[PDB]
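Heads up, the chain below is alone and in the form deposited in one PDB entry; it's given as structure tokens.
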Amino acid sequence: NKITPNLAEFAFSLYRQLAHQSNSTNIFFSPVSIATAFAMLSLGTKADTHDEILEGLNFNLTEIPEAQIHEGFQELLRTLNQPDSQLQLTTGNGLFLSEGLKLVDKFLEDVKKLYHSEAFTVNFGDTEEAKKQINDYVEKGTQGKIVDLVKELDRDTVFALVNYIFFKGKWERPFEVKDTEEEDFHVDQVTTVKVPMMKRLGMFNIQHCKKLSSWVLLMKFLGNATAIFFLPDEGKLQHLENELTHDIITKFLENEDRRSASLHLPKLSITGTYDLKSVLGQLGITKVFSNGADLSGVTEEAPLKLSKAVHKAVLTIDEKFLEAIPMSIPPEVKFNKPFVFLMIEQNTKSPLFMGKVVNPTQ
């Protein structure tokens, strides 16, 4: 798992940028899917354009050879795309290129063979139809879950990238629907909103953590993925966000101690959509999106730049083995206020998703 530390740092860099920009909106994205897409894109770039991309993904190119970077991403893709995987994870990357470009066959082979991604030629002279073709590809790839992803295109577009991921979580230890009820969700310290709340009394990997000033709950999905939820104490959300580290997360994953608790966890149907040109530019990835871009691995003769780059991440969590409960007063742990969460792939320890729920009904 050579690249897992880098992906974790990229997750935190991206999260902290989005957390700073907006104070009251759900954050949800896939560090793995975004990094995979731009690692794939880097194969068509050279020189500063190439180096900016990998550095922006938190790889120090004076320390880690590029061969290890691509080997790590291909190993991660192998695990996620296992034919016998119960992880209901659908992800894809679509490259859309102007039909008038003479493309380099090596790049198209590398995209398809190494990164199992898709490249298409489109007539960007018809902006409305190119957008329809891009959005139809995503809609087909998600069986209708993601529709009309791209809302506008620049008239001078010759290259667009779409990265999507949809996860429908299945708990290893499910909830009972009979126990789900509407409950208050404290969006702030003096305001509440009613939302559907799953409930269960049982044995959980759960602990209060003084360093983070938060409850930390880990629950396993079917398919070798684990969710980690961070519930900040009153007035400690920003402290939690600042204090998070990869080492802190590794310690919790390694711990298997369990204890009884009365858990209240909201059902989640959340999405996040991001303009990666703007978001990744703030992380230092700029040349690939500009007229000076060195995309000569994609097209040798014509000028080229990436004009559009969109990420959408979609999550569904619901209620879908016998545990021994001691006869002592269990703590009541209610995720009825803003909380932070990650989803970790168990084999690689890589961060599949990171997010913050400020309002589940949003």
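The numbering used is simple: start at 1 and walk along the sequence shown.
Coordinates are absent for 4 to 9 residues of the deposited sequence placed between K320 and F321.
Averaged over their C-alpha atoms, the temperature factors of 163 to 171 and 180 to 188 are higher for 180 to 188. Across the two stretches, 42 to 50 and 322 to 330, the PDB entry reports the greater mean Cα temperature factor for 322 to 330. Per the PDB record, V104 has a higher Cα B-factor than any other of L263, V158, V104, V216. Of the residues listed, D275, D136, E256, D126, the entry assigns the biggest Cα temperature factor to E256. Ranked by Cα temperature factor within the chain, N26 sits in the highest third according to the deposited record. Ranked by Cα temperature factor within the chain, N347 sits in the highest third according to the deposited record. Sort the modelled residues of the chain by CA B factor and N291 lands in the highest third. When all modelled residues of the chain are sorted by CA temperature factor, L18 is found within the middle third. Looking at the C-alpha B-factors along this chain, the one for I228 belongs to the lowest third.
Omitted here: the form solved in complex with a partner chain. The next part is about that form.
None of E71, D275, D154, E99 but one reaches within 4.5 angstroms of the partner chain in the bound PDB entry through a heavy atom, and that residue is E99.
Within 4.5 Å of any heavy atom of the partner chain in the bound PDB entry lies no heavy atom of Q282.
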